[PDB]
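One letter stands for each residue in the lines below.
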Protein chains: 2
Amino acid sequence: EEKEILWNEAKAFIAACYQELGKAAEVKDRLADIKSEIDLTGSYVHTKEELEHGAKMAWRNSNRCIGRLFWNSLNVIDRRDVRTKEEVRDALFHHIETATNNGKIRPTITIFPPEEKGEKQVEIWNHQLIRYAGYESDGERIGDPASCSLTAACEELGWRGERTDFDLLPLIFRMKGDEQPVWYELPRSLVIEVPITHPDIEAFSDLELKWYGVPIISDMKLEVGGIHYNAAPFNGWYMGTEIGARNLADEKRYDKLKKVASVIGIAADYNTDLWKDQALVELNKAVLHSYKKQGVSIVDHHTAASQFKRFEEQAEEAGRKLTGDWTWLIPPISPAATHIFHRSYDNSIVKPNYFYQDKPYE
Amino acid sequence: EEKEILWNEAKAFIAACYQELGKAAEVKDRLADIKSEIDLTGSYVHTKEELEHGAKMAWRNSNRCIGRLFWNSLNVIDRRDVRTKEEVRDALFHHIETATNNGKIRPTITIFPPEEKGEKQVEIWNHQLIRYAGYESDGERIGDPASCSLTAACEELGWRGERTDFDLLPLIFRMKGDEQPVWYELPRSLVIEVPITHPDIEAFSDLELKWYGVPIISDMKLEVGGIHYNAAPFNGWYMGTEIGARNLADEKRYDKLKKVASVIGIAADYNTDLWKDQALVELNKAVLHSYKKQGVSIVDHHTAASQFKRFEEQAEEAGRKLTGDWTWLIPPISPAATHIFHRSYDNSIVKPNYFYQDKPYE
Ligand code: HEM
Ligand code: HEM
Ligand SMILES: Nc1cccc(CCCCNCc2cccc(OCc3ccc4ccc(N)nc4c3)c2)n1
Ligand SMILES: Nc1cccc(CCCCNCc2cccc(OCc3ccc4ccc(N)nc4c3)c2)n1
Ligand SMILES: [Cl-]
Ligand SMILES: [Cl-]
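Rules and cut-offs
- Residues numbered from 1 in each chain as written, not as in the entry; some residues may be left out.
- Chains lettered and ligands numbered in written order.
- Heavy atoms only, no water.
- Pairing = 2+ DSSP bridges.
- Helix = DSSP H or I, 4+ residues; strand = E, 2+ residues; numbered from the N terminus.
- Axes fitted to C-alpha atoms, helices over the stretch in contact; angles between N-to-C directions.
- Contact = heavy atoms within 4.5 Å.
- Least-squares fit on C-alpha atoms.
- Near = heavy atom within 4 Å.
- Polar contact = N/O pair within 3.5 Å; in protein donor to acceptor, adjacent residues only side chain to side chain.
- Areas by Shrake-Rupley, 256 points an atom, 1.4 Å probe, with all protein chains shown as cover.
- Nonpolar A, V, L, I, M, F, W, Y, C, P; charged D, E, K, R; others polar.

Method-wise, the PDB entry is recorded as coming from X-ray crystallography, at a reported resolution of 2.13 Å.

A.B. asks: Describe the sheet that holds strand β16 (residues 353-355) of chain B, listing the residues and the values that go with them.
C.D. replies: Hydrogen bonds between backbone groups are what pair the strands of a sheet, and the pairing can be parallel or antiparallel. All names here are of chain B. Across the sheet, three strands lie side by side as β12-β11-β16; this open sheet has antiparallel pairing. In this open sheet, the two strands that pair with only one neighbour each are β12 (227-229) and β16. Within this sheet the neighbouring strands show an average axis-to-axis angle of 30°, counted without direction. When strand β11 (residues 221-224) meets β16, the two strands line up antiparallel, connected through three bridges.

A.B. asks: So what's going on with the sheet that holds strand β6 (residues 171-175) of chain B? Residues and values would help.
C.D. replies: All names here are of chain B. The strand order across the open sheet built from three strands is β3-β6-β7, with neighbouring strands paired in antiparallel fashion. Since the sheet does not close on itself, it has two edges, and those belong to β3 (122-124) and β7 (182-184), each with one partner. Each strand of the sheet is rotated relative to its neighbour by a mean of 30°, with strand direction disregarded. The pairing of β6 with β7 spans three bridges and is antiparallel. Considered in β7, the bridge of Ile172 is made with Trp183. Contacting β3, β6 and β7, helix α4 (residues 85-100) crosses the sheet at an angle of about 145° to β6.

A.B. asks: So what's going on with the relation of the copies chain A and chain B? Which residues, and what values?
C.D. replies: The transformation that overlays chain A on chain B combines an axial shift of 0.0 Å with a rotation of 180°, and the residual RMSD is 0.0 Å. In the structure described here, the two chain copies are related by an operation that fits a two-fold rotation axis. Comparing interface residues between copies, 100% of those in chain A also sit at the interface in chain B, which points to an isologous, same-surface contact.

A.B. asks: Can you lay out the site of ligand 4 for me, pointing to particular residues and giving the numbers?
C.D. replies: Lining the immediate surroundings of ligand 4 are 13 residues, of which A:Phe341, B:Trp237, B:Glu242, B:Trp328 and B:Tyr356 lie closest. At 2.8 Å from a nitrogen atom of ligand 4 is found a main-chain nitrogen or oxygen belonging to A:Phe341. For ligand 4, a nitrogen atom lies 2.8 Å from a polar atom in the side chain of B:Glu242. When ligand 4 sits alone it has 720 Å² of accessible area, and the protein chains cover 63% of it. Mapped onto the shell around ligand 4, the elements with two or more residues apiece are α6 (240-247) and α10 (326-329) of chain B. Taken together, the residues of the shell around ligand 4 sort by class into eight nonpolar, three polar and two charged.

Structure below.
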């Protein structure tokens, strides 16, 4: 049951990782330690510093991420020591608290034990650690339609949501050996939320909109040197358009543009009035104003594109090729007002990186 | 000097073209007529109906065009008979008048004689038949910066612009055999223009903005059945975003967003105010309102995307594969508010089509 492709990925990663850390001389000894270890166990264990740097490199190589400028300040939390459900839950609880940081969000990743045989040690079911539930029974739609399948899986396992439009989903994850996952309700004190108000339009609060403070992606596999960390939730702060132009605007999500147009006092009858466009701008202005007024970190898409330009420049000075996905880097609001729109990007996949993986639920 | 690749393209085009026109039985005789003609002359001549349909197929295959729904109603003008400069000029004059149609714009293409030896019979220098000049001498920028190189080439040949921000460039084209092109000033009576006003903000006219009515692309090569029509100017009507989000908004074009923000009474100091976004929407609302109030055909990007969805559906019912360039089909204003954003497109190049070609000037 060999065919160890892992040896080749380890040679590539350790060489580059130690190259960047100045530890270039330490490479031949460490690869020797690794090759024996691969022969004795079929795998190898990253150090402390390889793991932290590999997670940073993976953010740096994420073609679709516009916020990559701060890749080197990612806060890496090593929890490869976890063995029980309560330790997994507590680590996820801790990630939320330390990432939130009373609103001064810290880009943070918690790294759980990797896949051993390709067998998961911890299998997280949440798309994000904090997300709202979605319901969809006979005509009536409640909450976030994107969470319908996960919300159904949770309720099939004993959980029950109050069926508000913003029910917090529980943490749900399965351990190795168990046939079923466990779920834990989120403590309200850990979850910061932001009511959406408008700086000029006082009636905007009548929409009773809100979103959570911290997006913590928890369904992606971090791959470092051939080691597959399927459970490694990470977070940054939001870019405003993610909330105002997608989460609250998409017809398959909260679909609020019609109601936004009514409270800002414009008609929603004619395409040539550009009412969707106007409502999108006022809603996105409201999201930024609301997060800033509360003291929760956020960035607008113009500032974010300015930072990403410096990431482009910084990559060229370091002699690293830049990779990116143009179709994901452009913002969904005024993309041509950013430099990203007016250049091209090589969409090559460089490792370490973060990758999609099949949902465990149906 | 053979290596006739032309025979293969003719077999592919005539088969498909006659297939769609119901003339499937007439194919073997016509290809026989073509193969002899290729052997006798090194080329072949399209019919009347092959030419008109091939130009329509070429529009249908333009991956970057969102307005392809009306491909079958393209008005094809056959001027392969032209031989002199005055006949070329008159045909271009006529194209402008009949395409404009007092504001009820007709999608029209005028097809000049194709390349014979790869040698052009008529070589058009204009990017569009109607475009504004651009100037750029010691600090001072006037007009459309995108036209600077062409405006310089025209003035090097005796033309002189009044150096307003909206100088109409002359028609400029070279005939086969001449070392130099000729240029002809555009008659003002042929060119409809639209002053940009706002439906609600009366001060918007203080910006003194305007654009021309009809975009007539004149620098692309139409390829049909291996025959290269390098001179075949075509036109549709504008999509509003082309004017309000690019021509008047780009920093490398008319760069008006700052002045738009001032007349609509918002500050242009903070990114988080989304002032560029708001100004872009009000400017694009103004463009649509202005063209509609004048009676000049235009379409908004929402209506245009709705039409393109029906083009997608119509393509599937006809059993034709759909091709498209996602990065060009999405509008630059609220792209995620259109279905285009939320699906993918195969960017394969199918012929007949329109292709870029090297500018003749420096
Ligand atoms: C610091 C704040 C951050 C901002 C503002 C930011 C911004 C974004 C945005 C706007 C997207 C595209 C979202 C979409 O349109 O679906 C994105 C994608 C992504 N970001 Fe970041 N990001 C940040 C931090 C991070 C961090 C810390 C990581 C991981 C180490 C990361 C990895 C990614 C990945 C993997 C994707 C693509 C996910 C996918 O394919 O669905 N980002 N980022
Ligand atoms: C009927 C009105 C039409 C509308 C509203 C329309 C709309 C558009 C738009 C918005 C673009 C992209 C422009 C850009 O972002 O640079 C485009 C590209 C294009 N359209 Fe159309 N179009 C129309 C008619 C036509 C016609 C009649 C033809 C030719 C038969 C045509 C062929 C093309 C081509 C070739 C491109 C790509 C040009 C390039 O690569 O630079 N379109 N169209
Ligand atoms: N602050 C932060 C911080 C860290 C990370 C992020 C972004 C993570 C979001 C995960 N994302 C999941 C997903 C997968 C598949 C489709 C999705 O839908 C949204 C979307 C976005 C861009 C598109 C571009 C082109 C196209 N055709 N579709 C798109 C769909 C989301 N944010
Ligand atoms: N009503 C109508 C009717 C008929 C045809 C048209 C469109 C013709 C416009 C010709 N176009 C020339 C051109 C060439 C190269 C760059 C240009 O710049 C604009 C642009 C547009 C989309 C982009 C998408 C991605 C990206 N990276 N850059 C883009 C640049 C224009 N309109
Ligand atoms: Cl999100
Ligand atoms: Cl244009």
